[PDB]
6 protein chains.
Amino acid sequence: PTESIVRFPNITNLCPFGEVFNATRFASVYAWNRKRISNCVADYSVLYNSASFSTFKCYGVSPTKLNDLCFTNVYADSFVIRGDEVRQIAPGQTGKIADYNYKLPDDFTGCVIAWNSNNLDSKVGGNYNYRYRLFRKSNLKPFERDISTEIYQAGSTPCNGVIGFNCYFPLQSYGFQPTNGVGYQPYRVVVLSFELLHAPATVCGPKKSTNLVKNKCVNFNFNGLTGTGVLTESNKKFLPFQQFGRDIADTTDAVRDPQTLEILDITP
Amino acid sequence: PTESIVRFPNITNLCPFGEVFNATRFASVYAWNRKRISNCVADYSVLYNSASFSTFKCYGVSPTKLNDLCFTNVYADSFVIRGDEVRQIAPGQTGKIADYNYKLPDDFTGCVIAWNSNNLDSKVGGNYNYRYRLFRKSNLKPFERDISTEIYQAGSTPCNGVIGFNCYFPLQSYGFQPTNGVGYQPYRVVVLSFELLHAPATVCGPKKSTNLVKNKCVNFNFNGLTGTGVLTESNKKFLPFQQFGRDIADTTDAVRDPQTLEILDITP
Amino acid sequence: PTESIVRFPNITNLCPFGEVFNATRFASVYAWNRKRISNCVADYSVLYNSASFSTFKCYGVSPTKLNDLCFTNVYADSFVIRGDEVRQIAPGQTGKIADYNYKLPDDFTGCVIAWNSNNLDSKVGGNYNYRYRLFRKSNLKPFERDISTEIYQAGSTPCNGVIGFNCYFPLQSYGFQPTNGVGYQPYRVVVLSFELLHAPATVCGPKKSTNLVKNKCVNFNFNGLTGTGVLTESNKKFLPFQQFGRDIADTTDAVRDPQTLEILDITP
Amino acid sequence: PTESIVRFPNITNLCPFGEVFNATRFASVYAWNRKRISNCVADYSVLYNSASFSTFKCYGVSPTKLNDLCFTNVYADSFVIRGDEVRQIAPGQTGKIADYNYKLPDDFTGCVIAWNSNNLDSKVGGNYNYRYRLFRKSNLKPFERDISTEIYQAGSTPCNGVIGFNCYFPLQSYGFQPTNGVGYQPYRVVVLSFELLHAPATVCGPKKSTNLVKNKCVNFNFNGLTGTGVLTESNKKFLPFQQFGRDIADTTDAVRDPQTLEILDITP
Amino acid sequence: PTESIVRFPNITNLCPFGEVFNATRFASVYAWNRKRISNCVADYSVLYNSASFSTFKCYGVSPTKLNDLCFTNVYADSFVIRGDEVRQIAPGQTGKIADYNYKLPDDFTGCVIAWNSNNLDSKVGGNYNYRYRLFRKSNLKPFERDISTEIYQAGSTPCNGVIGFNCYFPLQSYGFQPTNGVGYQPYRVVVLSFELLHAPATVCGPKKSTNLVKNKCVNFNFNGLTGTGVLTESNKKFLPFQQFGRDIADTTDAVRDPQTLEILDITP
Amino acid sequence: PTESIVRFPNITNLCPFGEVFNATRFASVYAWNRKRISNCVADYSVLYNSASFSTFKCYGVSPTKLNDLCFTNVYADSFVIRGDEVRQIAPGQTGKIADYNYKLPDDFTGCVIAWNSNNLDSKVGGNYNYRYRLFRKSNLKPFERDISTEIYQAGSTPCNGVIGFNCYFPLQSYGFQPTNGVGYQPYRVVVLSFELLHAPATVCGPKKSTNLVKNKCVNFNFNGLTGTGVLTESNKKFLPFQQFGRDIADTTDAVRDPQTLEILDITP
Ligand SMILES: *[C@@H]1O[C@H](CO)[C@@H](O)[C@H](O)[C@H]1NC(C)=O
Ligand SMILES: *[C@@H]1O[C@H](CO)[C@@H](O)[C@H](O)[C@H]1NC(C)=O
Ligand SMILES: *[C@@H]1O[C@H](CO)[C@@H](O)[C@H](O)[C@H]1NC(C)=O
Ligand SMILES: *[C@@H]1O[C@H](CO)[C@@H](O)[C@H](O)[C@H]1NC(C)=O
Ligand SMILES: *[C@@H]1O[C@H](CO)[C@@H](O)[C@H](O)[C@H]1NC(C)=O
Ligand SMILES: *[C@@H]1O[C@H](CO)[C@@H](O)[C@H](O)[C@H]1NC(C)=O
Ligand SMILES: *[C@@H]1O[C@H](CO)[C@@H](O)[C@H](O)[C@H]1NC(C)=O
Ligand SMILES: *[C@@H]1O[C@H](CO)[C@@H](O)[C@H](O)[C@H]1NC(C)=O
Ligand SMILES: *[C@@H]1O[C@H](CO)[C@@H](O)[C@H](O)[C@H]1NC(C)=O
Ligand SMILES: *[C@@H]1O[C@H](CO)[C@@H](O)[C@H](O)[C@H]1NC(C)=O
Ligand SMILES: *[C@@H]1O[C@H](CO)[C@@H](O)[C@H](O)[C@H]1NC(C)=O
Ligand SMILES: *[C@@H]1O[C@H](CO)[C@@H](O)[C@H](O)[C@H]1NC(C)=O
């Protein structure tokens, strides 16, 4: 191959990562806010090169390569937790946050971002506006939220909606102090889950497209699908929903152009 | 003086310190339990010799000399706190327990007995039945309790007694676990308050009453009234409520016998 | 398989776990006490459900699946160690307790049960009755107890049976106090070690036996020997010590019934 | 006394305490910033009401009585130091800040106001902008500022104006991290200094100025001069520099009215 | 007064502060080594100005003024303790060291000099040669040395020279390691006690003797006795053991010259 | 095999570890000193048996098996750090010392030796002769040394080589004190890296050389190459740079003796 032919869709607007990562108030972990990111371009090397983030652990994908991939959808989950609970935001972990507040699936393709927010979220005299669910009958399914406020019966006696002996309120405040220990500062956590459905991808990295070159052995990056071959005109009539064609060997024979919406036939 | 004579009333019922120190369940610090001890002989040797009481700080009375004195009324304040906040139970300190839960007066005459109770008040998974008042409008008065449960407004919004943003429950749980450190481990605290007024003493030690030896220079202890003199037979007509007697110079010159109700002149 | 058949020997006495776990005085770690448990029914549910054991770590056996398995004999090793020495009671770990006091094998099968015992093993002023072996020439073998009290020759000079310079006593006191931190607090440790030999299993869980079903395909648990097959009456004669009849293919072909003493061939 | 009279000069402007306490960037402790507060009304109650301040130690004047008094001049000193070194801002105290950076007089009249400033002064990657003088040949005199950057010589070898072995820069960077403990936490300290010398007082509390009641026995606070008397007219020839007279008994008997510049007589 | 006359005895030999402080191995605190120091010039500013001692806290005398004083005898008591126990070497303090190992009288006059000794007194694997007395029936008297090794009876059972249950060895090892914390770190402590009683002075400071001038008003420092007066010839026949002279007014009116053994009349 | 033949060359001098480990002064971590050790005998068991080395971690070799295997060349890297960043001297670890001062490759072969030096590298009042590189624009490559003293521009403004606002000096002082904590105490670190490139061995340990026995199946160690064979005589034409010889089977079959320059055929 001589030169790569990158074809990405003609998207003009950047993804609203700034509003998600720089918002004034984040939600509590029991009622975490999920934002749907779609139909835009997202720069992921801005997040990595910024040294504000204490944690940038990515599972199932590499953080440096994130600008080269087109995901179908992005879900951004934002909440505030304790410092010692940051390690519970991982696939296959146990604890109060993992079981009762935010559960990550084992088959997780995404990145976990955690930065210290002692400056903006903590307050002297106590910031008790951040609460976490401490009591639940059963553990949470992955990507499930619990906003219930029913009194957790921890004994034989019914509670009748009144707090007291063995009847506790399900949500407990953190009590954040600026004079707290290293494990007790507020941490804002944004979990970026990359949905990779077999669909037209709408969140692409910031890569400049290259105009189409055919009839020669070239590299190509069609919607994040890297390959090498000769691109020719395809007689095959793809259905409108269909975006890829798979041979008997499960390798893409043809791809629908993401800019001019035509069919190109890949040959080795 | 030749010999020492001690005359006490013939009270043989032992004071209920077993109910105070060996109760199955204590109460929370916001609703600390007060017990009135009177009209019994008190044994403070069993408190002093015990090898479980980590803190035995006595204010206004010597801890070794608890057995010698006589009092009228004893107030036992039992509650459960954590280790770091045991130091707040003293005259003149600040903190959440001192300001909003239990305040000791600066003129406190009594002892503070604190011992670790990690085995009885901690449960694996958390023992949340012990609560403390965390928010209050104004600091507490000495020997004042606040068992009201009203939602504390921490902002400028009238939120109608529903927990949420800037409206917090007044009581917060300790959440005791056996794995927690000694700063956050349960400590049972019994505060003994002795009041010595111009009243006949009802709480005394187990000091034996000796025989009445008159017309000799003896050291004497009549119901806690120590001194030296030559006790003889009197002709004064005390009224039944009148225990001792005073001269023109406001010095004790006659006492009533605790046992046989006989008036004895103390000449020096 | 249509039905499930469980056959266990008709033994009814409970195993003396109460004597092991609720004893008033535990021995020191250098002279740890091993008790042989056999010929009884062991209910491991009462250990698991109760919330006092801070550390409950099983190696080689799933902790929640203790009830269904049958063991030949159980050895319970009890001792007292401080909080930072709890992590050394594990296979493959190092430390003073692992090298000189109690060493577990790398192939250990069983559970480690450690709970805080600050009330029973600490007195104010120091509880020095719990000693650990501090000096030894060589590390201990697995499950080997050393109670020798010769003076340790640290230097090049003969000790001559007197403590002095470069000659130390091998045992050293913990010195527990209730004010000490959780690293220096008493923990009572019971190590359950299960052996699975060719002997008949005597320590079985609280699972209840069912009726024997013959000539039909069932799923059977014969005294811990799980399997599936058509149980049929056999003409095989087993010697009294022999309990099962593995063939040339190392698969269980016949089992002696633990109650009625019947030889039962298994057809797949 | 029939009533109370408070006569203060007709000063309208509020004191610029917003530009001192809420300044964007404080100076370092080696070059601490001193601001002269005069000719304005000062409200010290609003400083005491805020719970942001973690240290409000006032020496020689009580914090509750701050609004009552009047002063001629206020010296507002501001700097940033770590949490462990807050205690060295005290009269008759020793330390690095006391010897080399900021020394208070042994008889100091004012308030040391220190609050935690983690949110304003810390940043990720460390805020090293705040420097403290660590090396000096001699200890600092009280209220003396040293901004010399000469290289301190520790050994006999002359430094020659370059950094090297035994020749160190006199200023050391603090190294404030958001993840540091409370010991190394950035704290902003404001040291208010008051002069009690007799002069025309320019700064007073927010107390309302009442009318002038003559020939009736009233309490008075004439520009901070507390007393009780019958305020009558005077025929004394007060010169312009003379603000309050005195008698042969060295007691205050004639005070100039601050608003009218009219001499009044205090009659007991 | 015109001149100042210092007369000290003609001694030149320096007493071994080097052997006290720079010894290779010190002694344990239960068997602290006391050395008698007499007939020497002692340069206390060598110990004061050297940046080697972490603590140089002096009781009853100023450390800077020690060069200008003369004492009859100096006791140097050297031992090794831990960092947290350095505080306990003081009058009116409690602990294990103060009660059982080294006790200081309440009228103590001297200095306590403590410096860290990590490289000398620690070893990887534990340095156990430094022992402290942990058990004693009664508290120690001031300056009492106890080197007895008898088994402490902490219970009712006789011990009979065998260590075991409730029978402990009285000496307990520190167990120093170089990786230990600064509280558990080996500190060498030397306590200097000065006999200021009425006796011939032997230990004197490095002040140089000046020539004797008579019949004028001069300040004088005769063997550490300071005054102002006129020195003249005296007819008082002193007995050879007598140094000072005194009258009914309890004032020193005659002294003996340290060098010429001449009796001088101090006329004021 | 019958006996083992260990053949080491005729080397008489010892490797100069004395000034590497027991030098009076060490260099700082930014200017880490490197010493090349070759052509001598090194006794690693002296370092192994030392009672002062707290950390003796090794990578790519066993800490027990370092003496018997002998290496081509030894690079000794010496620097002083504090106790917290001892863990940062490991491959793959991230930190200030790792990124900016001393970086080890991920395939590092050798041993890290660290020991506390609080009595040598700390002085009362502070020892500031040991510096570390705090700021660098890029992370260091493995084994590169950067001693540049250029002013680190931390802001946008060009300040032209002067210290000031965001123009920090790159080096900073540890500031060791004897009373500091174990994290802030000096630790001398000697990294002993070894390369195993294709070259004749120059440093080998103190193991003695045995006489040759030919025509018998003996275990042999020919200067780091260990095998089993019948070392018969040869007739090879080995050029003087050929240390050993390999056949078509890619196995060692001819070794020239290091002590006699005689080629020996290894026959299986
Ligand atoms: C949030 O604001 C800061 C301040 O300018 C900026 O550096 C950062 O890049 C912003 N975050 C995002 C995701 O743009
Ligand atoms: C953008 O892409 C669409 C197909 O996705 C195409 O129809 C349209 O013409 C493109 N816009 C421009 C300006 O080329
Ligand atoms: C509580 O019970 C224990 C049980 O032996 C006893 O020793 C102790 O004296 C009791 N407490 C009081 C105050 O009597
Ligand atoms: C006991 O005291 C009472 C006073 O209440 C008295 O009446 C009675 O006689 C006394 N009894 C004896 C045996 O002293
Ligand atoms: C020990 O005694 C307690 C007392 O309630 C009981 O709950 C526990 O089950 C006992 N332990 C065992 C192993 O039976
Ligand atoms: C109990 O087991 C024994 C086996 O030794 C057997 O002989 C006996 O019949 C059994 N009893 C019952 C009631 O099953
Ligand atoms: C600084 O700003 C805060 C913001 O609300 C305010 O509450 C405070 O009073 C201000 N400080 C002063 C001295 O005015
Ligand atoms: C304000 O004070 C000045 C002098 O103190 C006086 O001359 C003037 O009349 C006053 N004005 C008012 C309105 O009181
Ligand atoms: C101990 O030896 C060192 C070595 O130079 C010396 O500086 C110090 O002054 C000596 N101390 C005494 C008390 O002699
Ligand atoms: C030294 O002092 C003695 C008295 O103790 C005296 O007899 C002698 O003459 C003195 N010598 C000198 C040289 O001053
Ligand atoms: C000493 O070394 C030389 C050169 O390496 C060698 O030729 C000689 O044989 C050696 N000496 C002995 C006794 O082997
Ligand atoms: C450094 O000196 C000590 C002094 O005994 C010695 O034990 C040690 O072996 C020396 N270090 C080396 C590397 O030889």
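- Looking at the entry header, you'll see cryo-EM listed as the method and 3.57 Å as the resolution.

## Describing the relation of the copies chain A and chain D
Move 1: If you rotate chain A by 179° and push it 0.1 Å along the axis, it lands on chain D with an RMSD of 0.6 Å. Here the transformation between the copies is reduced to the relation of a two-fold axis. Relative to the rotation axis, the closest C-alpha in chain A is found at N119 of chain A, a distance of 1.9 Å.
Move 2: A share of 100% of the interface residues of chain A reappears at the interface of chain D, consistent with the copies meeting face to face through the same patch.

## Focus: the relation of the copies chain C and chain B
Move 1: Note on the identical chains: chain C maps onto chain B by a rotation of 179° and an axial translation of 0.2 Å, with an RMSD of 0.7 Å.
Move 2: Most of the interface of chain C is mirrored in chain B, where 94% of its interface residues are also at the interface.

## Regarding the sheet that holds strand β14 (residues 225-233) of chain A
All names here are of chain A.
Move 1: Strand order across the open sheet formed by six strands is β1-β13-β14-β17-β16-β15, with mixed pairing between neighbours. Both edges of this open sheet fall to β1 (5-7) and β15 (244-246), since each of them pairs with a single strand only. Each strand axis lies, on average, 40° off the axis of its neighbour in the sheet, ignoring direction.
Move 2: Pairing of β14 with strand β17 (residues 263-267) involves four bridges; the strand directions are antiparallel. Looking across to β17, one finds that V230 is bridged to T267.

## Let's talk about the interface of chain A and chain D
Move 1: Each side of the interface is counted separately: chain A has eleven residues, and chain D has 13 residues.
Move 2: Summed over both sides, the interface of chain A with chain D buries roughly 850 Å², with 51% coming from carbon and sulfur.
Move 3: Between the two partners, chain A and chain D, sit zero salt bridges.
Move 4: The interface formed by chain A and chain D includes zero residue pairs in polar contact.
Move 5: Looking at side-chain class alone, the side of chain A that touches chain D contains five nonpolar, six polar and no charged residues.

## Remarks on the packing of aromatic side chains
Move 1: Inspection of every chain in the model, using the stated rule, returns 129 aromatic pairs over all chains.
Move 2: Centroid distance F53 of chain A to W115 of chain A: 5.4 Å. Interplanar angle 50°. Geometry classified as tilted. Taken together, the positions of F53 of chain A in the loop between α2 (45-49) and β4 (58-59) and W115 of chain A in strand β6 (residues 110-116) put the pair 62 residues apart, joining distant regions of the chain.
Move 3: With 5.7 Å between their ring centres and 45° between their planes, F21 of chain C and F53 of chain C make a pair best called tilted.

## Considerations on the state of the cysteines
Move 1: Applying the stated rule across the entire model yields 24 disulfides over all chains.
Move 2: Put simply, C159 of chain C and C167 of chain C are joined by a disulfide, and their sulfur atoms are 2.0 Å apart. Since a negative S-S torsion denotes a left-handed disulfide, the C159 of chain C-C167 of chain C link at about -95° is left-handed. In terms of burial, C159 of chain C and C167 of chain C fall into one category: buried.
Move 3: Shown here is the disulfide that connects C70 of chain F with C204 of chain F, its sulfur atoms set 2.0 Å apart. Across the S-S bond of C70 of chain F and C204 of chain F the torsion is about 60°, and the bridge reads as right-handed.

## Observations regarding the sheet that holds strand β11 (residues 217-222) of chain F
Residues and elements named next belong to chain F.
Move 1: Sheet architecture is open: six strands sit in the order β1-β11-β12-β15-β14-β13, paired in mixed fashion. Each edge of the sheet is formed by a strand with only one pairing partner; in this case those strands are β1 (4-7) and β13 (244-246). Strand-to-strand twist of the sheet, defined as the mean angle between neighbouring strand axes without regard to direction, takes the value 40°.
Move 2: By the bridge criterion, three bridges tie β13 to strand β14 (residues 252-256) in an arrangement that is antiparallel. Across the sheet, the residue bridging to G245 is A254, located in β14.

## Thoughts on the site of ligand 5
Residue and element names in this part refer to chain C.
Move 1: Lining the immediate surroundings of ligand 5 are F17, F21, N22 and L47.
Move 2: Residue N22 places a side-chain N or O atom 2.4 Å away from an oxygen atom belonging to ligand 5.
Move 3: Look at ligand 5: alone it shows 350 Å² of surface, and the protein chains cover 40% of it.
Move 4: In the shell around ligand 5, the residues fall into three nonpolar, one polar and no charged.

Reading guide: rules and limits
- Residues numbered from 1 in each chain as written, not as in the entry; some residues may be left out.
- Chains lettered and ligands numbered in written order.
- Heavy atoms only, no water.
- Residues with missing side-chain atoms left out of burial classes, pairs and counts.
- Least-squares fit on C-alpha atoms.
- Contact = heavy atoms within 4.5 Å.
- Pairing = 2+ DSSP bridges.
- Helix = DSSP H or I, 4+ residues; strand = E, 2+ residues; numbered from the N terminus.
- Axes fitted to C-alpha atoms, helices over the stretch in contact; angles between N-to-C directions.
- Buried area = accessible area lost by both parts, 1.4 Å probe.
- Salt bridge = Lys/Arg side-chain N within 4 Å of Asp/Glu carboxyl O.
- Polar contact = N/O pair within 3.5 Å; in protein donor to acceptor, adjacent residues only side chain to side chain.
- Nonpolar A, V, L, I, M, F, W, Y, C, P; charged D, E, K, R; others polar.
- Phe/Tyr/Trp six-rings, centres within 6.5 Å; stacked < 30°, edge-to-face > 60°.
- Disulfide = S-S within 2.5 Å.
- Buried < 20%, exposed > 50% of the residue type's maximum accessible area, 1.4 Å probe, protein only.
- Near = heavy atom within 4 Å.
- Areas by Shrake-Rupley, 256 points an atom, 1.4 Å probe, with all protein chains shown as cover.

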